[PDB]
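> Give me a 3D structure for the following:
(2 chains)
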Amino acid sequence: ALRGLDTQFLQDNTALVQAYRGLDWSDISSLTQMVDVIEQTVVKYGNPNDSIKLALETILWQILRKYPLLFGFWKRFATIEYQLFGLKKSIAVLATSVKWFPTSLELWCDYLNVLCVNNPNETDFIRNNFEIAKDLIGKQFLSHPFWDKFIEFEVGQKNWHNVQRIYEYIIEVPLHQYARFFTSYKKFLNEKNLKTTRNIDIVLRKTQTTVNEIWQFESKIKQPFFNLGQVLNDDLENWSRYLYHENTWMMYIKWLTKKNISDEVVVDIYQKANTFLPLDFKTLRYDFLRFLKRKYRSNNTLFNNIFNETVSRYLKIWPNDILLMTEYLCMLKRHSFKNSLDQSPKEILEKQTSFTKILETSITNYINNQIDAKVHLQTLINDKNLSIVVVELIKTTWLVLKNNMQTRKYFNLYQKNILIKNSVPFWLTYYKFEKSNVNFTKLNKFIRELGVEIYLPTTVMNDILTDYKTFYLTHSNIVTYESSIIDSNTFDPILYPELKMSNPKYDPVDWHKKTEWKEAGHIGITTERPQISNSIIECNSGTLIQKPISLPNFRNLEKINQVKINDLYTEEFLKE
Amino acid sequence: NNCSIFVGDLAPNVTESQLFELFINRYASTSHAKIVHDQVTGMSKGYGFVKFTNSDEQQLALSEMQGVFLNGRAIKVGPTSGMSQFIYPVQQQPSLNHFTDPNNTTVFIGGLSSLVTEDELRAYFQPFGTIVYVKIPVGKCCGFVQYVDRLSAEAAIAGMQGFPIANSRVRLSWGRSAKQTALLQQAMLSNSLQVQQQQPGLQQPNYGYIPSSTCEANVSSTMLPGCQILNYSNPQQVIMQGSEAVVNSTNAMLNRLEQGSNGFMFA
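Numbering: from 1, shown residues only, chains lettered A, B, ... in the order given. Coordinates below:
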């Protein structure tokens, strides 16, 4: 967790290789291992990241030096410092050189060229281009840099009008109108950038973050969206995010969805926000799942695989969460077993029976602890999430194949398991089943058992008692009710739900030593209180005169000062 | 011993500074000097007490200042100090931990399964009363629930004691917040004081609120006593209680039944 100690260890291990003066293959690989353990743990900001790339380049490991640069681009979007270095290197390269050097240049140009501080990147590619004798290629980069609102735009314009002595103004009109339109936008953008340039100052405050002006800058680049916008708001988000904030991601995704680019761009941004964002946020993630469900209708096959790998990755990190299991299972029933109404009915019924067969072999396989990693459902079952698979099997057996005998056999089998005897959708499905058949014997035996031997959350027990009283009043007569009354439990389905609501532990039918007496006036604090053994205060004074009164017997006279406390808090949580 | 001498018949223009000057630095260094002035008029009543540390110092002051001329008079330095059946009681104080605080309304739920979420734990403890927060630590196998009312929290400890949440008998008791727990943990690793602070009061008389009451979501209510007028919103702010509480409540529980049976809320 200690990012400072992870910063300190790499700062200490590098200083052990550097000051022992050896190659130090232990500490060289240890500083590399400390780099790998850090970079997997922390997003590795580019200024810190560059030293790792500089040392590996100093250790001449060319193939590995390229690969750490790709990771750096993912870690920081505004990494023009890492972009230029990756463009400065890989020019000292082999035969694939000329194609790779422009490939990294154009990839950065789609990554960083819309930034105000991007003047060094185009110049370096121009430096690479001027070193070649492709003056046509130098000219193409000149016109593109003219058209984008950059810092030294006027400096670039005049310089390109003197170095290009051979072909300066082949189209005067085209170049200058693009330059002045760039100057109109950069004059506009100068308001926000100078409002940003006068707030960013590291004082461990909100001004170093510039979040107010970054929310101002992102807002004013959203509305005047002259189609550079999607690249610009990407560039605007990139400088604003680098300064973890998921709400900025949600605003960028909302704007980009409103802008209607192709969806695979949005999927790339969603995967990046899935990757670099910390776990437990739980709000952009389900947004990603419902976007994958909504866009499933347009293109079929690849979105099932994006969905499937997403739901597997999200039961990696939130195993206690159950909406993912039923959501996966809804998508499995839609995609893998699909059959419209227009198809002949034996096909339909066989797809339903195939679904029941795979689902039953899945839960029967997992209870008896044998796993089958070829089928993805076998991997996805967790014991918190087993119950919703059993529910899907019940609801499909009963409502689709429509046999009540097999359904009752599954209820009578699975309610004895450990993992699902205290599950909510299993028992509430059981309630809807024994409500569908209108019998009251199983319902009275169910809600008579609902606190003692079927432990449900009190909100669900209150809902079940309220709806069962409402159901019984309208679906049952007095001849059934008066024969339903049995006296050893004093159970009566009209009034017993009205008493059993808020207290679950309710038994329907030596007092001085119970734990309700001892802590009477004050809960939790137990004191044996002094009392007279044979008190006469219930006896009237019309009957005390008939025979003389005995002396009082006392109990607990030693304990008028002793009060004792079972402090669960301190023992089990402060001192562990 | 805090021996006190009662000087009297003092001159009007004699100060507590001069009364200190005539009592301290002669025969003693007296701990205090206090002339009784008039409570609204300020003019000295002509008598005042002085408090010496030692009883020998006061009596040495007593024998020598008896009759001694102080600012025009003789200042009468008699000692100030040294049968009803019924008196009011008086008692010590229990030093204010989390048990002996009468405003402590946050339950410590201990012994959890660790397979229980926060929403599933909110579903247990919610119908006892409205609830400010339900945060639980990551893997300490114990939680924390805090109610608005002391009455609802006591009802929760009575009703839910020893009930099994995901097959483990639960351990309910009192226990402080997250801030106070971090404070006690750092001041216990430094083991300096570990003293606690009383939870805030409702600044009563409060008239709208009927405690242990829940409402889940234009108002012209007649504000009569039997109804409820104000309430705490569920997470938080204060809402004027509408007319239609039962319709919204019953409608949300039919929603909760039909969605929970199919699997969209495990709570």
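> what separates residue A:259 from residue A:27, distance-wise?
Distance of residue A:259 to residue A:27, given as Cβ to Cβ, to the nearest Å: 50 Å. The C-beta positions use only the backbone N, C-alpha and C, and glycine is treated the same way.
> If you count surrounding residues, which of those two has more?
Between residue A:259 and residue A:27, counting by other Cβ atoms under 10 Å in any protein chain shown, residue A:27 is the more crowded of the two (20 against 15).
> Can you tell me the element the residue lying closest to the more buried one once chain neighbours are set aside falls in?
Counting by Cβ to Cβ, 6 or more residues apart in numbering or on different chains, residue A:27 lies nearest to residue A:17, which is 4.6 Å off, once chain neighbours are set aside. Per DSSP states H and E: residue A:17 is located in helix A:3-20.
> Quick check: buried residues in the helix or strand that that helix is followed by?
The first helix or strand that comes after helix A:3-20 along the chain, using DSSP H and E, is helix A:25-41. Of the residues in helix A:25-41, A:27, A:28, A:30, A:31, A:32, A:34, A:35, A:38, A:39 count as buried by neighbour count, 16 or more other Cβ atoms under 10 Å in any protein chain shown.
> Same question for stretch A:510-520.
For stretch A:510-520, a neighbour-count test (16+ other Cβ under 10 Å) marks residue A:519 as buried.
> And it, end to end?
15 Å (Cα to Cα, to the nearest Å).
> ok, now stretch B:151-170?
By Cα to Cα, the extent of stretch B:151-170 from end to end equals 21 Å.
> Identify all contacting residues around it.
Applying Cβ atoms under 8 Å, 6 or more residues apart in numbering or on different chains, the external contacts of stretch B:151-170 come out as A:418, A:422, A:455, A:458, A:502-505, A:523-524, B:105-107, B:109-113, B:115-116, B:121, B:124-125, B:128-130, B:145-147, B:171-174, B:211-212.
> Just the buried positions in it, please.
For stretch B:151-170, by 16+ other Cβ under 10 Å, it's B:152-157, B:159-161, B:163, B:165-166, B:170.
> Among those, which lie within helices?
B:152, B:153, B:154, B:155, B:156, B:157, B:159 (DSSP state H).
> does the residue nearest the centre of chain B sit in a helix, a strand or a coil?
With distances taken as Cα atoms, centre = their mean, the residue of chain B nearest its centroid is residue B:198 (4.2 Å). Using DSSP: H, G, I helix; E, B strand; the rest coil, the secondary structure recorded for residue B:198 is coil.
> which residues touch it?
B:96, B:101, B:103.
> Repeat the analysis, applying 6 Å as the threshold.
By Cβ atoms under 6 Å, 6 or more residues apart in numbering or on different chains, the residues touching residue B:198 are residue B:101.
> any idea how far it is from chain A?
Residue B:198 is 16 Å from chain A, where distance means Cβ to the nearest Cβ, to the nearest Å.
> repeat for residue B:146
13 Å.
> Now that residue. Nearest residue, chain neighbours left out?
Counting by Cβ to Cβ, 6+ apart, residue B:146 lies nearest to residue B:106, which is 3.8 Å off, once chain neighbours are set aside.
> Does that neighbour touch residue B:148 like I think?
No. The criterion here is Cβ atoms under 6 Å, and residue B:106 misses it with residue B:148 at 10.5 Å.
> longest helix of chain A?
Max-length helix for chain A by DSSP H is helix A:172-197.
> ok, then the element right after it?
Going down the chain from helix A:172-197, the next helix or strand is helix A:206-209, by DSSP H and E.
> packing partners for the helix or strand just after that following helix?
Sequence order places helix A:211-222 as the next helix or strand after helix A:206-209, per DSSP H and E. Packing partners of helix A:211-222 (3 or more Cβ pairs under 6 Å, 6 or more residues apart in numbering or on different chains; DSSP states H and E): helix A:172-197, helix A:229-242.
> Swap in 8 Å and give it another go.
Applying 3 or more Cβ pairs under 8 Å, 6 or more residues apart in numbering or on different chains; DSSP states H and E, we find helix A:211-222 packed against helix A:172-197, helix A:229-242, helix A:246-259.
> which one of those is the most hemmed in?
Mean neighbour count (mean count of other Cβ atoms under 10 Å in any protein chain shown) peaks for helix A:229-242 among the helices and strands packed on helix A:211-222, with a mean of 20.
> Between helix A:246-259 and that helix, find me the angle.
On the basis of axes from the mean of the first three to the mean of the last three Cα atoms, to 10 degrees, helix A:229-242 is oriented at 180 degrees to helix A:246-259.
> elements contacting helix A:229-242?
Where contact means 3+ Cβ pairs under 8 Å, 6+ apart, helix A:229-242 is packed against helix A:211-222, helix A:246-259.
> which stretch among those helices comes nearest residue A:236?
Minimum separation from residue A:236 across the helices and strands packed on helix A:229-242 (Cβ to Cβ) falls at helix A:211-222, 4.9 Å.
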